[PDB]
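These notes are about the structure you will find just below.
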Amino acid sequence: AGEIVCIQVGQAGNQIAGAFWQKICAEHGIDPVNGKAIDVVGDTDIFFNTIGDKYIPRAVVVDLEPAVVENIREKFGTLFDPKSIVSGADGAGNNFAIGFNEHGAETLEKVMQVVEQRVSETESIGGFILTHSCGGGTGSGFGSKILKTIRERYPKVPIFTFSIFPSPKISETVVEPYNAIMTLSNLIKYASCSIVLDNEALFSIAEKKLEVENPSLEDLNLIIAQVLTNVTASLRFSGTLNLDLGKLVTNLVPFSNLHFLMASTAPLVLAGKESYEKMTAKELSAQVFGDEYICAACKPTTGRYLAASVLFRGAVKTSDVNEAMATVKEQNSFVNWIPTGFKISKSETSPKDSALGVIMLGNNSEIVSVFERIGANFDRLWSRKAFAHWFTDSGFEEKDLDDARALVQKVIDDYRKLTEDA
Amino acid sequence: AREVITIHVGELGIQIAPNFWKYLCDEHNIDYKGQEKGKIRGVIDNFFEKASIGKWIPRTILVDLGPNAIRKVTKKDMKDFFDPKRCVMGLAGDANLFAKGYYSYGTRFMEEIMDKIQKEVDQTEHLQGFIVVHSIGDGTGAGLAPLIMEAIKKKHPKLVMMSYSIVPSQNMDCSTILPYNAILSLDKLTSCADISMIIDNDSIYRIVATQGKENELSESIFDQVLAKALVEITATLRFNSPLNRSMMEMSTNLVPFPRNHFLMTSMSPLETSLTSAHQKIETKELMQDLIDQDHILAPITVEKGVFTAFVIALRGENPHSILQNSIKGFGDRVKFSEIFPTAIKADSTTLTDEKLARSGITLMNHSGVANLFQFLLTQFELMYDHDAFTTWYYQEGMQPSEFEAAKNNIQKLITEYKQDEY
Ligand SMILES: Nc1nc2c(ncn2[C@@H]2O[C@H](COP(=O)(O)OP(=O)(O)OP(=O)(O)O)[C@@H](O)[C@H]2O)c(=O)[nH]1
């Protein structure tokens with residue numbers, strides 16, 4: 001029980017998740033090339049089903065483009081069994097409205113039939129995890145309808161999303177500010193939690209911490225994969241805090257509608273054995289809570305935290321953890337309404353590339369910087385009816401996108417006001 | 001034989017069970033799986049049931065809405081003892097919420113739980129009472145323990161019910177909603193327990209850290225301390241004791257003013273990691289340890305506040321001439337409120353434990369419990385006033401008037417305890 005079904009939607013979704021699945025297989029002693037057990041450790045059953053001696057990741061692979069799901073057989077192969085691979089028609093793209101309304105009645109039903117199959121095979125659902133782009137086409141459009149549909153069918157099952165916000169440094173497809181809000185609105189309405197990652201921050205991390213002169217899309221995915229792997233780890237490899245997805249919602253989300261979380265991890269490694277010596281708890285905690293490793297274009301030291309959760313993976317002494325975290329409490333302000341809310345935990349199993357790694361999640365009022373930038377881009381295009389009829393013939397009305405903005409603005413305003421004092 | 005049924009509810013009730021029952025097994029010469037060895041000593045019937053031939057059965061029920069505490073206890077920690085027929089297993093977590101075990105999920109198990117309880121009751125000619133061991137502040141325990149207790153007392157009203165309430169520490173697996181679950185559940189204990197003992201894991205933590213052993217702390221040390229406390233508290237019910245031969249007598253000796261039934265306890269020796277080497281304790285020292293601050297497993301100092309009742313239950317050879325002269329050293333510390341003209345009761349029972357020449361515990365009905373309550377109540381109010389995390393309970397059925405009522409009953413309880421000091 002407390003098992004997790006993972007839904008991967010769109011290109012970004014499938015590549016990030018694919019990298020995730022390879023790392024999680026390594027940690028649990030599963031050879032990703034074919035699912036065979038090597039020496040299996042940890043709570044393998046939370047993410048993999050088991051038939052015979054094969055571990056089968058409980059993934060649903062979704063796209064609209066035939067090629068994107070079909071070609072997973074070449075990039076990851078046997079890692080994702082074909083019964084989970086769903087696509088149709090001729091594909092669709094670069095428009096939220098198209099992904100959301102023109103995916104095909106049959107296409108969505110197939111996705112849901114697969115989701116239900118993964119669910120019925122599971123003793124008890126502890127939640128759903130989705131990986132998707134917040135922009136583009138399929139990841140935001142079809143992915144948001146998928147999010148909506150799942151909650152309607154399973155009203156009490158928490159849903160966590162890892163979602164990637166776009167950046168003009170990477171994509172010229174500037175229709176994006178429209179897509180960004182329509183999906184943000186649905187995340188606000190239907191997810192229990194979401195991890196806000198974006199490529200502006202990931203890009204600058206790649207340039208300054210991984211020392212990459214001109215980060216490729218694959219370097220961004222490398223950092224993302226590390227975040228997902230180490231964040232997810234608190235749920236699956238022992239630990240002193242006994243977490244689950246339902247428990248994370250309880251601990252990190254004090255209010256509904258304010259469930260957007262930042263994530264930060266360190267050390268980062270550029271896809272090779274660059275790791276060295278051992279970091280102390282102090283330098284590692286300092287990196288994690290610094291602004292430089294935040295995987296969202298925020299500057300969290302200037303804000304206030306509603307809640308935070310810090311996991312130490314590896315052989316770290318209790319007394320060093322506590323001194324390092326005391327330093328963090330002194331330096332980074334927290335909202336005193338919650339006399340608790342800063343939970344520190346450790347797990348004895350280290351990540352494959354280091355002696356000790358640290359993961360932090362949290363609710364920081366500066367998370368809205370992402371949303372505020374999106375709003376601004378949107379306003380410049382929207383006040384001019386930049387692209388009214390495109391969206392008009394794909395089934396959305398101006399009132400619906402206005403509803404989407406109103407909700408987004410409400411969330412921004414609530415974060416700024418909620419944490420103004422305490 | 002006047003017998004007691006023990007119910008283990010939620011994570012700590014069940015994680016403790018293997019240490020508690022292993023200790024009892026050794027005390028009585030039961031060889032862990034129920035096999036008789038040597039000769040039975042003590043009133044074994046009070047805690048173990050008879051197999052048709054030889055074997056002894058712990059008279060227990062294990063209740064956990066999530067399957068994990070029970071599965072490791074019965075498959076890894078103590079085999080062929082906690083018979084699966086008496087385990088009540090759910091397949092979902094509580095997301096740490098009080099509400100889940102009291103209103104929305106745990107309630108569907110009450111038919112099963114009360115049916116199993118009656119089956120235990122029906123095997124015994126003379127019940128003395130019930131003991132419910134549970135974590136307070138952790139939804140499954142915080143919720144079901146009082147739900148179960150209330151269901152029992154309306155069916156068996158003449159029995160004494162005692163609870164062992166364990167408050168989670170902040171360096172262990174606490175939830176950010178601990179203050180809510182804690183007073184939401186104290187509110188029900190206050191109306192259903194006849195005797196309720198509160199043991200604070202933060203004091204266990206502090207004492208061990210003070211000793212210089214914080215880096216050795218793990219669940220196993222906490223479980224050993226908690227299990228020993230249960231064994232020693234319960235010990236006078238297992239032999240021909242002169243102080244408390246029955247839970248019925250405990251009620252009389254410990255709670256003269258029925259609403260104020262919350263007790264604080266102390267122990268000596270404490271055995272961190274079982275490496276303490278308490279080779280010799282003299283009788284005079286044992287009493288000084290029991291009064292001293294660093295052996296009280298609660299955040300109180302005996303030098304402050306007032307007593308309403310105080311029972312010193314020692315084990316092993318403790319000549320009464322020493323006990324009576326030693327007690328005079330408490331003249332400047334142990335002060336009873338002049339509403340109840342009592343005295344410190346002290347006497348001893350035997351040990352079957354070959355490692356300690358002597359040991360003992362105290363049970364205190366002392367106003368300092370009010371400070372544990374006030375700490376939690378202050379946190380409750382601070383969070384409650386900003387609705388932090390309250391949405392999660394409201395959606396499970398906890399109409400908000402419930403939170404207001406809990407606040408009022410605990411503020412009133414605190415006031416009544418402090419009033420004894422004026
Ligand atoms: N960080 C990161 N961003 C990506 C990755 N792949 C795509 N993106 C970004 O996400 C946006 C693209 O959205 P996609 O999901 O590719 O679009 P789609 O859902 O595949 O369907 P189309 O719109 O038809 O491509 C652009 O900003 C991409 O730069 C990736 O691997 N990592």
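Labels used: A, B, ... for chains in the order of the structure tokens, numbers from 1 for residues in each chain, and numbers from 1 for ligands as shown.
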
For this session: Using only C-alpha atoms, find the residues of chain A whose closest atom to chain B is at most 6 Å away, then write them as a PyMOL selection string.
Result: chain A and resi 1+241+246-247+251+254-255+318+337-338+340-341

Could you make a table, as JSON lines, of the residues of chain A that have an atom within 8 Å of an atom of ligand 1, each with its nearest atom pair and distance in Å to one decimal, counting only C-alpha atoms and all ligand atoms, in chain and number order?
{"residue": "A:9", "atom": "CA", "partner": "ligand 1", "partner_atom_place_in_ligand_line": "19 (O)", "distance": 7.1}
{"residue": "A:10", "atom": "CA", "partner": "ligand 1", "partner_atom_place_in_ligand_line": "19 (O)", "distance": 4.0}
{"residue": "A:11", "atom": "CA", "partner": "ligand 1", "partner_atom_place_in_ligand_line": "20 (O)", "distance": 4.0}
{"residue": "A:12", "atom": "CA", "partner": "ligand 1", "partner_atom_place_in_ligand_line": "6 (N)", "distance": 3.9}
{"residue": "A:13", "atom": "CA", "partner": "ligand 1", "partner_atom_place_in_ligand_line": "15 (O)", "distance": 6.7}
{"residue": "A:15", "atom": "CA", "partner": "ligand 1", "partner_atom_place_in_ligand_line": "31 (O)", "distance": 5.7}
{"residue": "A:16", "atom": "CA", "partner": "ligand 1", "partner_atom_place_in_ligand_line": "31 (O)", "distance": 5.9}
{"residue": "A:63", "atom": "CA", "partner": "ligand 1", "partner_atom_place_in_ligand_line": "19 (O)", "distance": 7.4}
{"residue": "A:64", "atom": "CA", "partner": "ligand 1", "partner_atom_place_in_ligand_line": "21 (O)", "distance": 7.6}
{"residue": "A:65", "atom": "CA", "partner": "ligand 1", "partner_atom_place_in_ligand_line": "24 (O)", "distance": 7.4}
{"residue": "A:91", "atom": "CA", "partner": "ligand 1", "partner_atom_place_in_ligand_line": "24 (O)", "distance": 7.3}
{"residue": "A:92", "atom": "CA", "partner": "ligand 1", "partner_atom_place_in_ligand_line": "24 (O)", "distance": 5.4}
{"residue": "A:93", "atom": "CA", "partner": "ligand 1", "partner_atom_place_in_ligand_line": "24 (O)", "distance": 3.1}
{"residue": "A:94", "atom": "CA", "partner": "ligand 1", "partner_atom_place_in_ligand_line": "23 (O)", "distance": 3.8}
{"residue": "A:95", "atom": "CA", "partner": "ligand 1", "partner_atom_place_in_ligand_line": "23 (O)", "distance": 6.7}
{"residue": "A:132", "atom": "CA", "partner": "ligand 1", "partner_atom_place_in_ligand_line": "15 (O)", "distance": 6.8}
{"residue": "A:133", "atom": "CA", "partner": "ligand 1", "partner_atom_place_in_ligand_line": "15 (O)", "distance": 4.7}
{"residue": "A:134", "atom": "CA", "partner": "ligand 1", "partner_atom_place_in_ligand_line": "10 (O)", "distance": 7.0}
{"residue": "A:135", "atom": "CA", "partner": "ligand 1", "partner_atom_place_in_ligand_line": "13 (O)", "distance": 5.3}
{"residue": "A:136", "atom": "CA", "partner": "ligand 1", "partner_atom_place_in_ligand_line": "13 (O)", "distance": 3.8}
{"residue": "A:137", "atom": "CA", "partner": "ligand 1", "partner_atom_place_in_ligand_line": "23 (O)", "distance": 3.3}
{"residue": "A:138", "atom": "CA", "partner": "ligand 1", "partner_atom_place_in_ligand_line": "19 (O)", "distance": 3.3}
{"residue": "A:139", "atom": "CA", "partner": "ligand 1", "partner_atom_place_in_ligand_line": "19 (O)", "distance": 3.8}
{"residue": "A:140", "atom": "CA", "partner": "ligand 1", "partner_atom_place_in_ligand_line": "19 (O)", "distance": 6.5}
{"residue": "A:141", "atom": "CA", "partner": "ligand 1", "partner_atom_place_in_ligand_line": "19 (O)", "distance": 7.7}
{"residue": "A:164", "atom": "CA", "partner": "ligand 1", "partner_atom_place_in_ligand_line": "1 (N)", "distance": 6.2}
{"residue": "A:165", "atom": "CA", "partner": "ligand 1", "partner_atom_place_in_ligand_line": "27 (O)", "distance": 7.1}
{"residue": "A:166", "atom": "CA", "partner": "ligand 1", "partner_atom_place_in_ligand_line": "27 (O)", "distance": 4.4}
{"residue": "A:167", "atom": "CA", "partner": "ligand 1", "partner_atom_place_in_ligand_line": "27 (O)", "distance": 6.1}
{"residue": "A:168", "atom": "CA", "partner": "ligand 1", "partner_atom_place_in_ligand_line": "27 (O)", "distance": 7.9}
{"residue": "A:170", "atom": "CA", "partner": "ligand 1", "partner_atom_place_in_ligand_line": "29 (O)", "distance": 5.5}
{"residue": "A:171", "atom": "CA", "partner": "ligand 1", "partner_atom_place_in_ligand_line": "27 (O)", "distance": 5.3}
{"residue": "A:198", "atom": "CA", "partner": "ligand 1", "partner_atom_place_in_ligand_line": "1 (N)", "distance": 6.7}
{"residue": "A:199", "atom": "CA", "partner": "ligand 1", "partner_atom_place_in_ligand_line": "1 (N)", "distance": 5.2}
{"residue": "A:202", "atom": "CA", "partner": "ligand 1", "partner_atom_place_in_ligand_line": "1 (N)", "distance": 7.1}
{"residue": "A:217", "atom": "CA", "partner": "ligand 1", "partner_atom_place_in_ligand_line": "31 (O)", "distance": 5.3}
{"residue": "A:218", "atom": "CA", "partner": "ligand 1", "partner_atom_place_in_ligand_line": "31 (O)", "distance": 5.9}
{"residue": "A:219", "atom": "CA", "partner": "ligand 1", "partner_atom_place_in_ligand_line": "32 (N)", "distance": 7.9}
{"residue": "A:220", "atom": "CA", "partner": "ligand 1", "partner_atom_place_in_ligand_line": "1 (N)", "distance": 4.8}
{"residue": "A:221", "atom": "CA", "partner": "ligand 1", "partner_atom_place_in_ligand_line": "32 (N)", "distance": 4.7}
{"residue": "A:224", "atom": "CA", "partner": "ligand 1", "partner_atom_place_in_ligand_line": "1 (N)", "distance": 7.0}

Problem set entry | Filtered DSSP result for segment 114-238 of chain B, state strand (DSSP E or B), as a PyMOL selection string | chain B and resi 127-135+160-167+195-200

Which parts of segment 138-368 of chain A does DSSP call alpha helix (DSSP H) when run on the backbone here, written out as a PDB file with C-alpha atoms, in the first residue's frame?
ATOM      1  CA  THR A 138       0.961  18.241 -25.516  1.00  0.00           C
ATOM      2  CA  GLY A 139       2.516  18.599 -22.067  1.00  0.00           C
ATOM      3  CA  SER A 140       0.387  21.557 -21.118  1.00  0.00           C
ATOM      4  CA  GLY A 141      -2.722  20.932 -23.103  1.00  0.00           C
ATOM      5  CA  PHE A 142      -3.303  17.260 -22.983  1.00  0.00           C
ATOM      6  CA  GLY A 143      -1.472  16.973 -19.734  1.00  0.00           C
ATOM      7  CA  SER A 144      -3.818  19.465 -18.068  1.00  0.00           C
ATOM      8  CA  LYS A 145      -6.883  17.617 -19.254  1.00  0.00           C
ATOM      9  CA  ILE A 146      -5.332  14.428 -17.926  1.00  0.00           C
ATOM     10  CA  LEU A 147      -4.768  16.106 -14.552  1.00  0.00           C
ATOM     11  CA  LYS A 148      -8.323  17.244 -14.443  1.00  0.00           C
ATOM     12  CA  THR A 149      -9.727  13.915 -15.398  1.00  0.00           C
ATOM     13  CA  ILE A 150      -7.759  11.972 -12.859  1.00  0.00           C
ATOM     14  CA  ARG A 151      -8.859  14.068  -9.972  1.00  0.00           C
ATOM     15  CA  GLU A 152     -12.437  13.795 -11.008  1.00  0.00           C
ATOM     16  CA  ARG A 153     -12.197  10.018 -11.049  1.00  0.00           C
ATOM     17  CA  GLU A 176       3.862  30.396 -24.768  1.00  0.00           C
ATOM     18  CA  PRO A 177       2.595  33.036 -22.327  1.00  0.00           C
ATOM     19  CA  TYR A 178      -0.875  31.911 -23.219  1.00  0.00           C
ATOM     20  CA  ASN A 179      -0.077  28.235 -22.707  1.00  0.00           C
ATOM     21  CA  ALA A 180       1.722  28.947 -19.470  1.00  0.00           C
ATOM     22  CA  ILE A 181      -1.314  30.405 -17.771  1.00  0.00           C
ATOM     23  CA  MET A 182      -3.881  28.047 -18.992  1.00  0.00           C
ATOM     24  CA  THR A 183      -1.946  25.195 -17.524  1.00  0.00           C
ATOM     25  CA  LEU A 184      -0.922  27.043 -14.386  1.00  0.00           C
ATOM     26  CA  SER A 185      -4.558  27.614 -13.759  1.00  0.00           C
ATOM     27  CA  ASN A 186      -5.310  23.969 -13.958  1.00  0.00           C
ATOM     28  CA  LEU A 187      -2.417  23.150 -11.675  1.00  0.00           C
ATOM     29  CA  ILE A 188      -3.861  25.564  -9.128  1.00  0.00           C
ATOM     30  CA  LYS A 189      -7.301  23.961  -9.446  1.00  0.00           C
ATOM     31  CA  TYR A 190      -6.412  20.267  -9.474  1.00  0.00           C
ATOM     32  CA  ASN A 199      14.472  26.432 -17.402  1.00  0.00           C
ATOM     33  CA  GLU A 200      15.707  29.877 -16.628  1.00  0.00           C
ATOM     34  CA  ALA A 201      17.106  28.700 -13.378  1.00  0.00           C
ATOM     35  CA  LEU A 202      18.231  25.357 -14.639  1.00  0.00           C
ATOM     36  CA  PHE A 203      19.995  27.009 -17.495  1.00  0.00           C
ATOM     37  CA  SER A 204      21.944  29.343 -15.279  1.00  0.00           C
ATOM     38  CA  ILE A 205      22.813  26.463 -12.960  1.00  0.00           C
ATOM     39  CA  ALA A 206      24.205  24.545 -15.845  1.00  0.00           C
ATOM     40  CA  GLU A 207      26.299  27.520 -16.855  1.00  0.00           C
ATOM     41  CA  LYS A 208      27.671  28.308 -13.381  1.00  0.00           C
ATOM     42  CA  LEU A 217      18.460  20.584 -23.540  1.00  0.00           C
ATOM     43  CA  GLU A 218      20.038  17.402 -22.235  1.00  0.00           C
ATOM     44  CA  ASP A 219      21.937  19.231 -19.492  1.00  0.00           C
ATOM     45  CA  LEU A 220      18.776  20.758 -18.289  1.00  0.00           C
ATOM     46  CA  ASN A 221      17.308  17.298 -18.169  1.00  0.00           C
ATOM     47  CA  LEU A 222      20.294  16.010 -16.263  1.00  0.00           C
ATOM     48  CA  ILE A 223      19.741  18.489 -13.452  1.00  0.00           C
ATOM     49  CA  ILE A 224      16.039  17.821 -13.466  1.00  0.00           C
ATOM     50  CA  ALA A 225      16.534  14.117 -13.273  1.00  0.00           C
ATOM     51  CA  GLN A 226      18.721  14.539 -10.251  1.00  0.00           C
ATOM     52  CA  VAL A 227      16.061  16.645  -8.530  1.00  0.00           C
ATOM     53  CA  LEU A 228      13.290  14.213  -9.214  1.00  0.00           C
ATOM     54  CA  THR A 229      15.345  11.255  -8.127  1.00  0.00           C
ATOM     55  CA  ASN A 230      16.490  12.717  -4.870  1.00  0.00           C
ATOM     56  CA  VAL A 231      13.135  14.333  -4.038  1.00  0.00           C
ATOM     57  CA  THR A 232      11.256  11.166  -4.712  1.00  0.00           C
ATOM     58  CA  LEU A 245       2.718  11.404  -0.735  1.00  0.00           C
ATOM     59  CA  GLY A 246      -0.296  12.077   1.434  1.00  0.00           C
ATOM     60  CA  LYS A 247       2.005  12.957   4.268  1.00  0.00           C
ATOM     61  CA  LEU A 248       4.010  15.368   2.139  1.00  0.00           C
ATOM     62  CA  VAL A 249       0.862  17.220   1.274  1.00  0.00           C
ATOM     63  CA  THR A 250      -0.010  17.455   4.926  1.00  0.00           C
ATOM     64  CA  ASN A 251       3.429  18.661   5.927  1.00  0.00           C
ATOM     65  CA  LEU A 252       4.161  21.128   3.144  1.00  0.00           C
ATOM     66  CA  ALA A 281      26.753  19.229   6.430  1.00  0.00           C
ATOM     67  CA  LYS A 282      27.448  22.914   6.736  1.00  0.00           C
ATOM     68  CA  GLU A 283      28.673  23.614   3.222  1.00  0.00           C
ATOM     69  CA  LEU A 284      26.090  21.362   1.734  1.00  0.00           C
ATOM     70  CA  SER A 285      23.193  22.869   3.631  1.00  0.00           C
ATOM     71  CA  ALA A 286      24.448  26.282   2.702  1.00  0.00           C
ATOM     72  CA  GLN A 287      24.402  25.419  -0.969  1.00  0.00           C
ATOM     73  CA  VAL A 288      20.972  23.942  -0.838  1.00  0.00           C
ATOM     74  CA  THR A 318      23.077  13.902  13.935  1.00  0.00           C
ATOM     75  CA  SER A 319      25.044  16.588  15.675  1.00  0.00           C
ATOM     76  CA  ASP A 320      26.345  18.032  12.381  1.00  0.00           C
ATOM     77  CA  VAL A 321      22.929  18.029  10.862  1.00  0.00           C
ATOM     78  CA  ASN A 322      21.554  19.925  13.764  1.00  0.00           C
ATOM     79  CA  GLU A 323      24.275  22.522  13.851  1.00  0.00           C
ATOM     80  CA  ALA A 324      23.997  23.101  10.126  1.00  0.00           C
ATOM     81  CA  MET A 325      20.253  23.408  10.230  1.00  0.00           C
ATOM     82  CA  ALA A 326      20.365  25.789  13.165  1.00  0.00           C
ATOM     83  CA  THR A 327      22.441  28.060  10.970  1.00  0.00           C
ATOM     84  CA  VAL A 328      19.814  27.881   8.253  1.00  0.00           C
ATOM     85  CA  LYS A 329      17.037  28.831  10.671  1.00  0.00           C
ATOM     86  CA  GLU A 330      18.974  31.866  11.747  1.00  0.00           C
ATOM     87  CA  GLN A 331      19.686  33.030   8.195  1.00  0.00           C
ATOM     88  CA  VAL A 368       5.628  33.758  -7.239  1.00  0.00           C
TER      89      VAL A 368
END

Do a neighbour search on segment 242-254 of chain B at 7 Å with only C-alpha atoms, toss out local chain neighbours closer than 4 positions, and write the hits as a compact mmCIF listing (two decimals) with N, CA and C atoms, in the first residue's frame.
# COMPACT_ATOMS: atom_id res chain seq x y z
N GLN B 128 -9.88 -6.94 34.61
CA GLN B 128 -9.55 -5.83 35.44
C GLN B 128 -9.68 -4.58 34.64
N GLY B 129 -9.24 -4.65 33.40
CA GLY B 129 -9.25 -3.47 32.58
C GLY B 129 -8.57 -3.63 31.25
N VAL B 160 -11.62 -0.51 34.40
CA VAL B 160 -10.77 0.66 34.36
C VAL B 160 -10.05 0.69 33.06
N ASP B 194 -9.63 6.55 32.30
CA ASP B 194 -9.71 6.73 33.74
C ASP B 194 -8.36 7.14 34.26
N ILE B 195 -7.32 6.59 33.67
CA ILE B 195 -5.95 6.89 33.99
C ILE B 195 -5.24 7.16 32.68
N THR B 236 3.51 -3.78 38.76
CA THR B 236 2.90 -4.09 40.02
C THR B 236 1.62 -4.89 39.85
N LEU B 237 1.11 -5.01 38.64
CA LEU B 237 -0.08 -5.80 38.37
C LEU B 237 0.28 -7.22 38.06
N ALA B 309 -0.92 13.42 43.85
CA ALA B 309 -0.70 12.05 44.22
C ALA B 309 0.71 11.67 43.83
N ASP B 347 6.77 1.59 48.29
CA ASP B 347 6.99 0.20 48.68
C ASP B 347 7.61 -0.53 47.51
N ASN B 365 0.94 12.56 39.95
CA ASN B 365 -0.17 13.36 39.49
C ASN B 365 0.24 14.75 39.90
